[PDB]
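Okay, so here's just one chain, in structure tokens, the form solved without this ligand.
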């Protein structure tokens, strides 16, 4: 069409990082089919959204104000500071008052209504029919004893969000002709064979193998592999998995396509090589490197899909089976029970995953009976939303469209604030979808298009995978383009500025990394080289401003080049500082951002997010463990950005500042916090804040199995907030060293009010997490599968079960954690000092 449209597709390409008009690594048209399919979902949501609310993206929640926040409000009054240039009043407000009606207790209270309340120095708006106590920024300020500063201004023009107009009962068989690799001369000549499996939800319905052969650059068989299963019995979503054993290579091929047709013809698939289970093993995409990769040729020639009350004791076995954790193995007897008593199982929402893993997916008739079962879904549709349960139906164990659809049906009722808590996990679960176009993908598109804050993050989370995942960039690129075509010109302009900026800093980051070895030091030479390179960007290259990716409400302006530098650490990350591009800001504080290469930040994103979930869980129990899950966004392979937490240092640096360089003293931390406190009041608050954050990190880290850390991977703020960093990838359950104890007033396995206050916080935090045992187990397994390499679909995922002490009663749970606290006491500095070596098992 018009040269305009081409220029537009070109802009989308640069935002996405991938050319969705690329047909280099395809064998069918699923991707194009999907791009067309997403037009309707997007357009429907675009026309549905309120232009005003979409513009101002108020950030609100329906959840009740936690007890620990009402404490700061024991007068039914809240103080809002309204700025208006050099003016600044302080209207007292009631927690129930609406923004539009405090704008009423203002205008008239002072003395024209075409105004709105906006947070000072942020693109955050307090509008819409909502109690002010329900606005997140309001709770963020209460939770941090900060004052609420707002500015009276004009609403953003929704015009700016304008969207560009658009315009057989035979047995199944497969012949394996042979395999081919260009170069293979290796050490000891081994043998090789091909394994063909028919899978569905990570379940081998049928397996066939070829005879072993000498592993040469070209190995042939020209042999038919016949399965016992009938063609008519192939379930939609089933994959033909092909593997080469010497396991060295795999590749998958969807047996039934996106149009419900049985795959047919000759295929030459370029395979993925295993690096001397995870979501990457389930991909239907093929290896884009056609020159130097292993390939397997096959031929396919064969469309489809044209009372009794439970006795007392069997009901007891059923209920026992239902209560087990998601990781409990299902015996054949269990499955038969779940299936035979199908209609009873359907009355226990928690049984749904166990039940669906009991279906014989390779039997047409059984599958047919299953859809009949879902037909009468009354009980499920009326169930109270249970996110942990919904995620189980979206993991790798369920390939059925209909089964995964009722999971998505339940996500529909989440409020935006909740979608944000699980967004990263919902995006990662798109990897478990057998087809590119899916209800889950449709659900993300829609919520992203419905809310600016969700769309912003959906953008970065999809871009993150498109930039580095060969296995899923294709599917994720199509979904992103679909969202970019509906977020509006303004957002499109913002993403464009963000991308140009991060893309430049990414280049600088890498080039500087070259001018620096491993052996820590950092010379004035590499820093001079940094400042020169930044000086060049500061010119007409780096846009006047841009929104901080992990903190969309913040706008950064020019770089404070004089404050920029290279950090002295194994990796040589850049430490950048920018001025805030918002004059209404309440300070002169610059925005710090670390750009780093050498760590897979996808893992950090995953950990930080679960940390946020653990926080919301504690809130529903009136607890505030004071975690600090700082902004982090993986922007590419082994590279990304990290928020710079102000006034924070490493616990190793504090020790180093007192004792030798590579040197451990118990009182160092306590001395540091006292010297950094402006008053005794502030110092006492910091020690309190330290007790709470220390307990929150010991519990969070123990459950996630990442408690054993070296000191340099743990920081503390001058205000006492402890927090772990760098999740990139004798023993101790967590870190609670002599110095941490000294701050709590104890030493040498003694006692103290703070230590005791510490042990009480930990137990309470620990059992509040056990009450969400299944949610946590499923988030932990999704995280290993979508973030780590080859995770043992057993032992590794099993850790969380033991850590959550599954099975035990509350008393044994409390007892168990207290002992973990004792082990740390017994080890003292042992483990810390050892941290030079390694950790395994």
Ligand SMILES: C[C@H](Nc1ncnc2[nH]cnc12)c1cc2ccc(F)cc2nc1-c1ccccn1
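Rigid core: the largest C-alpha set superposing within 1.5 Å between the two forms. Shifts are known only where both forms have a C-alpha. Numbering follows the first chain given and starts at 1.
There is another form of the same protein, the form deposited with this ligand bound; it is not shown, and what comes next is about it.
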Three or more ligand atoms within 2.4 Å of the backbone or C-beta would mean blocked. So with this ligand superimposed as it binds in the deposited bound form, which is it here, open or blocked?
blocked
Should residue 674 be classed as touching this ligand in the deposited bound form when contacts are defined as heavy atoms within 4.5 Å?
no
Contact with this ligand in the deposited bound form for residue 483, defined as at least one heavy atom pair within 4.5 Å: yes or no?
no
Using a 4.5 angstroms cut-off on non-hydrogen atoms, would residue 643 count as touching this ligand in the deposited bound form?
yes
Taking the shortest heavy atom distance, is residue 396 within 4.5 Å of this ligand in the deposited bound form?
no
Tell me which stretch of 464-472, 388-396, 643-651, 281-289 has a heavy atom within 4.5 angstroms of this ligand in the deposited bound form.
643-651
Going by heavy atom distances of 4.5 angstroms or less, which of 254, 769, 219, 725 would be at the interface with this ligand in the deposited bound form?
725
With the partner omitted here, the residue among 581, 594, 310, 298 that in the deposited bound form has a heavy atom within 4.5 Å of this ligand is 594
Please identify, after superposing on the rigid core, every run of 3 or more consecutive residues whose C-alpha atoms all shift by 2 Å or more between this form and the one not shown, listing them in sequence order.
303-306, 658-663, 790-793, 835-837
